[PDB]
């Protein structure tokens, strides 16, 4: 069992460094912490969601391990803290960026919390998680989605509502609907997931490589049609449609979902991994390239979903080699954390953020699962 060990060792330090340094039983954004942060250093709800993902993912990784009871004992305190960010504001209940109303609120912040909750429900069958997932759902569908830009999900709700439609909110809402459908078999979730996914492919996809642009703004002549695109490609905006395509294949059985998945996967793999020789592993592979670790972890969800369908382990092999390399090299700091800017090792950091550390902890947690299944 090596993969279980790296994951528990790492998450232990993370909890130790970042968790419950406030009265709100939650994650602090940074380590070391300069005392200089709003809300006693509590991470924004985006950072919270990265910590939560690492935990929910660790609850999956640790089932049938020695430490299962240990992580299960931590449910109430993880739950208590993320609920402080759950705020009625302007008569809409959704997760604010800080634990009070009168704060900024975003749809994409929320969907990442929906995703955590639904899967947390999946691991536990405790209703309260599915209840919070439904909260996020309604907000996404009743407020996030509208017919401007030809459809699709908004970005910022408060304080000033934006008008552009984003991959970062629309793609993972497709993923969330699929998981909500799998959790409940209510048709509502599958219909909306397909609408979100079709929106992605129809407005926000580059057909040259099947990768996904960032956002679209309303058409000047007619705001119900799509207008100008921002064509920045970030890994997470492609891995989520990758994940949604796989989930829709598993649910519907239609081959088009899986053909699309293969194509987005090939391109995600050519773009966001790079050839690398590891001295410590004595291997050439493609390493996850220097970048934003949390974007990339969220991208990798799509790969783990796909592997579950076709049993072709060629992408997971690279992700696995990436994280074994990072652990065993100068990426791994003496304080037990990882320099998430560059998994090849060889950069210098003096501050590490929960968003990215939870991101890399989730990747070890998923590798730990595959090791349990001896996959």
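Residue numbers count along the first chain shown, from 1.
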property: Mean C-alpha temperature factor, higher of 73-81 and 256-264; result: 73-81
property: 335-343 set against 45-53, stretch whose average Cα temperature factor tops the other in the entry; result: 335-343
property: Of the residues 157, 142, 230, 123, the one carrying the largest Cα B-factor as recorded; result: 123
property: Entry-reported Cα temperature factor of residue 181, expressed as the chain third it lands in; result: lowest
property: Relative C-alpha B-factor of residue 285, binned into the chain's lowest, middle or highest third; result: highest
property: Ranked C-alpha temperature factor of residue 278 among modelled chain residues, by third; result: highest
property: For residue 216, the third of its chain into which the C-alpha B factor falls; result: middle
property: CA B-factor ranking of residue 188, expressed as a third of its chain; result: middle
